[PDB]
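A short write-up of the structure that comes next.
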Amino acid sequence: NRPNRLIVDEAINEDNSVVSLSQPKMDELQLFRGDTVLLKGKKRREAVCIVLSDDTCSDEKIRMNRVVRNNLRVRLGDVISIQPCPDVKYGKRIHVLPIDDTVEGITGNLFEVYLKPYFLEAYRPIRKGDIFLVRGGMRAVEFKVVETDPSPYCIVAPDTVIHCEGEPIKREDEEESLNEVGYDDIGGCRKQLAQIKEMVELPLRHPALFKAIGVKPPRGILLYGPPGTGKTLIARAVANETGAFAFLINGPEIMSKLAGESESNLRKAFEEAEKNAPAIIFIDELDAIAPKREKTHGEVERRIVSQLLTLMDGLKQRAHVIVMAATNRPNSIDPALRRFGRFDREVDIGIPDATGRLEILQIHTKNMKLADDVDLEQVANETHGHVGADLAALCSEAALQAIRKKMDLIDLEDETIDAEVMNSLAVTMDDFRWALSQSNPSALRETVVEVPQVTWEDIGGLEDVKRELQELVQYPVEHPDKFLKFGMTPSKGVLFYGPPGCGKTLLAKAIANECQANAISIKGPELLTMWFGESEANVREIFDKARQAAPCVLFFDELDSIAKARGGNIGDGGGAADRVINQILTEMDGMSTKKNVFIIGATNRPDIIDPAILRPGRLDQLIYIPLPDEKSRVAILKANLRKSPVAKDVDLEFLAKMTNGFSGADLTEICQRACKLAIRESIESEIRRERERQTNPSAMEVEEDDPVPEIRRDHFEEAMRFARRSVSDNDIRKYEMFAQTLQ
Amino acid sequence: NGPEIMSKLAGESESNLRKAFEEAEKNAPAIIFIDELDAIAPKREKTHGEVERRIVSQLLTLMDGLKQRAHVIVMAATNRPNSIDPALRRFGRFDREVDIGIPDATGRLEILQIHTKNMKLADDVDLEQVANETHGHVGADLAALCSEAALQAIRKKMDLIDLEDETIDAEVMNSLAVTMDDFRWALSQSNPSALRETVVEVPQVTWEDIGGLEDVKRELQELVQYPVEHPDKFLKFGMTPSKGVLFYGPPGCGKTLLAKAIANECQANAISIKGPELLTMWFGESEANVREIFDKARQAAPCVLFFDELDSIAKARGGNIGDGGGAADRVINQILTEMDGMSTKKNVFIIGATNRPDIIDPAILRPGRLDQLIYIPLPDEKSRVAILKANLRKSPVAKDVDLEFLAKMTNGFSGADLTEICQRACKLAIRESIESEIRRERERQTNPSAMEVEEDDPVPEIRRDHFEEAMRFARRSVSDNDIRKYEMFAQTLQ
């Protein structure tokens, strides 16, 4: 609705000093011809200069020299706030000096060769930060701000004095790129970024607006996350977007200096941050300054931790200063800092999922010059355990092997052709596959949080189980009003039991997928690790994480692992009590339903699970997953072969008909054996025909007809010739007895 | 400020601490506050160095030089008592201690009031309901919750106003208010900073929450109520109070629901400890913590210290046969020691509970200890009526359903089973309501009837149908063999 809130679009006058008009808009403005109009955009950098060299284009979209997009803006679709501010002072003059592309060739004076013919009767109505193109030649070189005799911008005049003693730069350009980093650059963490924005942007932009209510803003934020996730870029991008100041503190850099000099820098940091407008302080590798005091032994260490604490306690809320710190884990710093008034809010970064890795590949892949076969999606999905720095390494590896293996006899010779052939250079899928061959991910041990994609199309039947699940997880998160009306206490668990590998792990994920909620899976080996290692404190981390990421279906399978470890039902002299079970019970008893975190369990031998966990306030529910009946195996098969070709001579319904009861993994084994037979037959036929072509000197005999690009009935018939009923009837009867009489 | 003192140089640290007391002595009756004493005088086993002890010594000597003629008093803040050098916890030094604790439902209400003064609330804001459902919070979490709700209101309401710079912002802040949904959302994303600490407060459960047990009530009132009112009778007849009682019977028949009751009738605090803590101190082999509980029980008196699942450790090493050993362990020994080293004149009571009494060490039933055994039996006629009325008092109910009929149909049941029946009925009601609502919504959607008003909940309450469906799947959670075994345990108390 703001009248001067209008889009900006393409421009044709290669000189940036021109700014457009829109006569219907000029009638709205007081836009006068002369020196300058203040056209305001983002990050406070503007493109202020002479005006009215436009009205060639349509209205509602101001024509602004494209070079004022990289500056003052980012892309199209933006909006300008054009408001005149002509008649600026006439100081001495504005800086003259190039930046990047002038040392390449004759330099002379850098003013009187190429740039002099442009400050003619248009004597630079400018604003420091306006960047453009000006030359007396190839017509592509920048003109940047270096000096400032008058603080505000002016209109130059002859007879002045200029010193091109300055040198064109390039490292300065990299620094400018750091300033340039913005929301689109950082990728792979969307949900996390939204919280930081809603936390820091609103207090910053309008301080008095948030102060009027007077509620407390946050003083410090602590970011978790393994290395390489990208945390410096987040802080720099936030600072760039809020147009505020910044200050960086490196822990190792602080610790290197002398004992006496260590505190001076840390005091100066806060002092400088206090002398400016709303600013943000960043500390990287906090563990190097304030680790757990049990490890540290000395005098300087505590004498610096105390300084950090006292400085953090002297803000007073009237300075509009906020601090963010980077640390690997929460249980890695002195708990003194994790207190109110000190660091009190925490945000975890995590590990990018399949969606985020696609964004990271995109931001990195800009100069790749890819081919059609490059399927970035397939590349991203098969990238388990990588982080924001491993992907860059993978891209570099693929690119450099392309360079070498292709120009194995070109790049070795010195000649400009190298650059030329770089234009001819490209990248193929095989390069990416090969590079993925030698990729050692830096994180394959960390607990995984994400939304599994498994849908019930992946498992056919279990209708009543579907209904019960939707009752237990779906309905509560939609209509709490019904619980309020009838005063109801949600149930917080459910227990499974039945034969082995009948899809239990394939159901929990399913509900999460229908709930769009994350999921976490923990198996028996971890239970054995914390048993033998006798470290059950880890059980507090899992739950803690489950609390941060909610909702989650925390799934425990092979619950009977520890029970069977000390024998079966008879077991040892003891009963059915252990340590990890006690910690599980404690955490369950100390959890609030109002965070919507669900717990699921699984086991094959339910007779050897402690009954101490089936009382109210706990699972208190038992569900039995039976052997698949008719046409459930049909859906299982369709899921199995949906990634492999199949002919029509084979009918999955026939395979289902032949079997009279089977487990879940056995059908997968049958399909895999059929695939193995197909692969062997194809390879053998191909090699035999290749040998025929070799021994026979038929220099030209073209024949490309794969005898088996698919699968036939024969493969499945041979598979049927060797198969198992993996479960005996005695187990079925035992489960029937376990059903008891449910009166 | 402790950290402020520690930051300075070694030489400069003592000058400030001397100047503090010097200035305090130059004025009229004054008070000195030390925050985070742990930063200056921690347990010396942790500290290794020279400056640390050279400052603890200065603190002690300064503390010993008051002379009582200056009218100067000092208070210090510390997280726990076993966190400072015991030198300071001596006579002439710090000798009096006061525990702040964790605010209960009543206190959190006051904190909400003091914080909520510019909130500009609406009618629906029920601060009471907000306060009661605030377990585990402290004096700083409530401020954070207030801020979260306020700012969420600011954003979600002025999502297209506050983003534009204009004085109207302040003006719309006048139009700004807060709704209950904002508080509920804030409570959704609230992580309390204290959910593991022992709780001390007066439970509100009354005997209206459990109907029968007349003789049990009389004996309770004899054991806990009467002594705290007429010690003169004990003096006259020269009587020694009994300091314990033991329970035994089937599972979950209200044992936990009785101890609190007596506390409620006595307006005295209560503390509950369960088997998982016993297993934690067994496996962890840290029974010293057993001295903390009692210590706290001494500070907050009277208290009915309740131990349930006492047979947990007994069953852990098997049942009656168990292991080669008998019925002796470590935590039981510490319990016996602390009971033997306690004075009745502080009025602290101890209660126990268990389901399998045959596997509890008889070493604790001798005089000077519980020495009393009580059996809570299966509820008889109309006790289940009271338990039902307690169960559904937070839910609407129609008149077609008669709780007396439900009691009549059953011929003996546990305590939690009736709760399960009520919960299943509530689940059926919720499912039926949701299904009917969604079906009618789909009818309204598929039919382009732009205006068809009908607000008649088919079930804003519960009907019998739900209860007969519940009856169609119910369990007697306890078998008759257990009843006979308890009968044998009754033995012949000639």
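Every chain in the structure tokens has a letter given in the order shown (A, B, ...), and although residue numbers restart at 1 in each chain, ligands are simply numbered from 1 in the order shown.
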Counting only C-alpha atoms, what are the residues of chain A within 8 Å of chain B, and for each of them which pair of atoms is the nearest and at what distance in Å, to one decimal? Sort the table by chain and rising number, as a Markdown table.
| residue | atom | partner | partner_atom | distance |
| --- | --- | --- | --- | --- |
| A:206 | CA | B:165 | CA | 7.8 |
| A:209 | CA | B:169 | CA | 6.7 |
| A:212 | CA | B:170 | CA | 7.2 |
| A:213 | CA | B:118 | CA | 7.3 |
| A:215 | CA | B:147 | CA | 5.5 |
| A:216 | CA | B:147 | CA | 6.5 |
| A:297 | CA | B:48 | CA | 7.8 |
| A:298 | CA | B:49 | CA | 7.7 |
| A:299 | CA | B:49 | CA | 7.9 |
| A:302 | CA | B:7 | CA | 7.9 |
| A:303 | CA | B:7 | CA | 5.1 |
| A:304 | CA | B:7 | CA | 6.9 |
| A:305 | CA | B:7 | CA | 7.9 |
| A:306 | CA | B:7 | CA | 4.9 |
| A:307 | CA | B:7 | CA | 5.2 |
| A:309 | CA | B:3 | CA | 6.9 |
| A:310 | CA | B:4 | CA | 5.7 |
| A:340 | CA | B:140 | CA | 7.2 |
| A:471 | CA | B:431 | CA | 7.8 |
| A:482 | CA | B:430 | CA | 6.0 |
| A:483 | CA | B:430 | CA | 7.3 |
| A:485 | CA | B:395 | CA | 7.2 |
| A:486 | CA | B:395 | CA | 4.8 |
| A:487 | CA | B:395 | CA | 5.2 |
| A:488 | CA | B:426 | CA | 6.9 |
| A:573 | CA | B:318 | CA | 5.7 |
| A:574 | CA | B:317 | CA | 4.2 |
| A:575 | CA | B:318 | CA | 5.0 |
| A:576 | CA | B:316 | CA | 7.0 |
| A:577 | CA | B:316 | CA | 5.7 |
| A:579 | CA | B:283 | CA | 7.1 |
| A:582 | CA | B:276 | CA | 5.9 |
| A:585 | CA | B:276 | CA | 7.6 |
| A:586 | CA | B:276 | CA | 6.8 |
| A:590 | CA | B:195 | CA | 6.9 |
| A:594 | CA | B:188 | CA | 6.0 |
| A:595 | CA | B:188 | CA | 6.0 |
| A:742 | CA | B:473 | CA | 7.4 |
| A:743 | CA | B:473 | CA | 5.8 |
Keeping only C-alpha atoms, write the selected residues to a file as a CSV table (one decimal), in the first residue's frame.
chain,number,residue,atom,x,y,z
A,206,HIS,CA,12.0,-2.2,16.1
A,209,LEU,CA,8.2,-1.3,19.7
A,212,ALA,CA,6.9,-0.7,25.0
A,213,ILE,CA,5.5,-4.0,26.4
A,215,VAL,CA,9.0,-8.1,28.2
A,216,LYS,CA,12.5,-9.6,28.5
A,297,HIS,CA,43.7,-27.7,36.1
A,298,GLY,CA,45.4,-24.4,36.5
A,299,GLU,CA,45.0,-20.7,37.4
A,302,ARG,CA,39.4,-20.3,36.0
A,303,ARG,CA,40.6,-16.7,36.0
A,304,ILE,CA,39.3,-16.4,32.4
A,305,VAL,CA,36.0,-18.3,33.0
A,306,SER,CA,35.3,-15.8,35.9
A,307,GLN,CA,35.9,-12.9,33.6
A,309,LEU,CA,30.8,-14.8,33.6
A,310,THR,CA,31.2,-11.3,35.1
A,340,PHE,CA,19.2,-17.8,33.8
A,471,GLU,CA,-6.5,-43.3,17.5
A,482,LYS,CA,-12.5,-33.4,23.0
A,483,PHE,CA,-10.2,-34.5,25.8
A,485,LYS,CA,-14.6,-31.7,27.2
A,486,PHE,CA,-14.5,-35.2,28.6
A,487,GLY,CA,-11.5,-34.6,30.9
A,488,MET,CA,-9.2,-37.3,29.4
A,573,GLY,CA,19.1,-66.3,40.1
A,574,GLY,CA,17.6,-62.8,39.7
A,575,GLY,CA,14.2,-61.9,38.3
A,576,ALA,CA,13.5,-59.4,35.6
A,577,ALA,CA,15.2,-56.2,36.8
A,579,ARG,CA,19.7,-50.9,35.1
A,582,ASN,CA,15.2,-48.6,35.5
A,585,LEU,CA,11.1,-46.2,33.7
A,586,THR,CA,12.4,-43.1,35.5
A,590,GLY,CA,9.3,-37.9,34.5
A,594,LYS,CA,1.8,-32.1,26.7
A,595,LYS,CA,4.9,-32.3,24.5
A,742,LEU,CA,-9.0,-61.8,27.0
A,743,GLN,CA,-12.2,-61.8,29.1
Task: Nearby residues (only C-alpha atoms) at most 9 Å from residue 358 in chain B, same-chain spacing under 3 positions excluded, as a PyMOL selection string - done: chain B and resi 320+361+489
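One finds CA of residue 133 in chain A at 17.4 Å from CA of residue 20 in chain A.
Among B:226, B:402, B:390, B:301, the residue with the shortest atom-to-atom distance to residue 345 in chain B, counting only C-alpha atoms, is B:301.
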TODO: Would you list the contacts of residue 342 in chain A as a VMD selection string, taking every protein, DNA or RNA residue within 7 Å and counting only C-alpha atoms, but skipping same-chain residues closer than 3 positions in sequence?
DONE: chain A and resid 219 to 220 312 337 to 339
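Checking A:707, A:113, A:526, A:634 one by one against residue 685 in chain A, counting only C-alpha atoms, you find the shortest gap at A:707.
Remark: for residue 674 in chain A, the closest of the candidate residues A:661, A:645, A:601, A:129 is A:645 (distances computed over only C-alpha atoms).
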